[PDB]
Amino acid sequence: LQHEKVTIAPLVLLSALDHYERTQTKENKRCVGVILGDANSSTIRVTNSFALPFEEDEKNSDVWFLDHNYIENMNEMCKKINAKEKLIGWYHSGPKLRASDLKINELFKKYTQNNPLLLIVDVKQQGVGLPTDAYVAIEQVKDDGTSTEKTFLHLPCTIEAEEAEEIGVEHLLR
């Protein structure tokens, strides 16, 4: 499994937005959470999520705290409801990638079966195009072990809903 494409369930977009809005998230501040679904295939399917408690220092990007116990404890409970919806990565409200993201990403590698997906949900909705960007971390050992470079690979994504949600979405807009 070398990833190529990503689908997002409308419920995840709404969950990220609701998470953002309910935490009175101030300007310059971001909310962060866990995404769930399927990432064993070339197309990654993001079908669920949950919110994380997360703190970072606005004046020093090297300092942030993710509650590892919280990830595991909440993940435990998710498996008891749907064992098919696995931990596949994380999300935040961005709007852009931050300096700590490569390192936060590393921590999620402990919880995922494959290379973690980072999903940025633009909760300000100012692009007017798609309010999501999908990233995967890649590293390349260039020049034979004098240096390696690590960066985020942008994956195209699309909003895809299963029937149950299709019905919900149309009911809400109509």
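By rigid core we mean the largest C-alpha set that fits within 1.5 Å across both forms. Just count from 1 along the sequence shown to find any residue number.
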Report task. Would you say which of 104-112 and 132-140 moves more relative to the shown form in 6 other deposited structures of this protein, going by RMS C-alpha distance with the core superposed? Result -> 132-140
Requested in this report: For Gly145, record whether it is unmodelled in at least a third of the other compared entries of this protein.
Outcome: yes
Query raised in the report: Which is higher in the entry, the mean Cα B factor of 127-135 or that of 141-149?
Result: 141-149
Report task. Output the stretch having the higher mean C-alpha B factor in the entry; the candidates are 154-162 and 8-16. Result -> 154-162
**Report entry** Selection from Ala39, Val32, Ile35, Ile120 [criterion: highest C-alpha temperature factor in the record]
**Finding:** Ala39
Query - Where the record places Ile88 (Cα B-factor, split into thirds across the chain) - result: lowest
Query raised in the report: Lowest, middle or highest third: where is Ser49 by Cα B-factor in its chain?
Result: lowest
Query raised in the report: What third of its chain, lowest, middle or highest, does the C-alpha temperature factor of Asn114 fall into?
Result: middle
Requested in this report: Divide the modelled residues of the chain into thirds by Cα B-factor and specify which third, lowest, middle or highest, holds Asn105.
Outcome: lowest
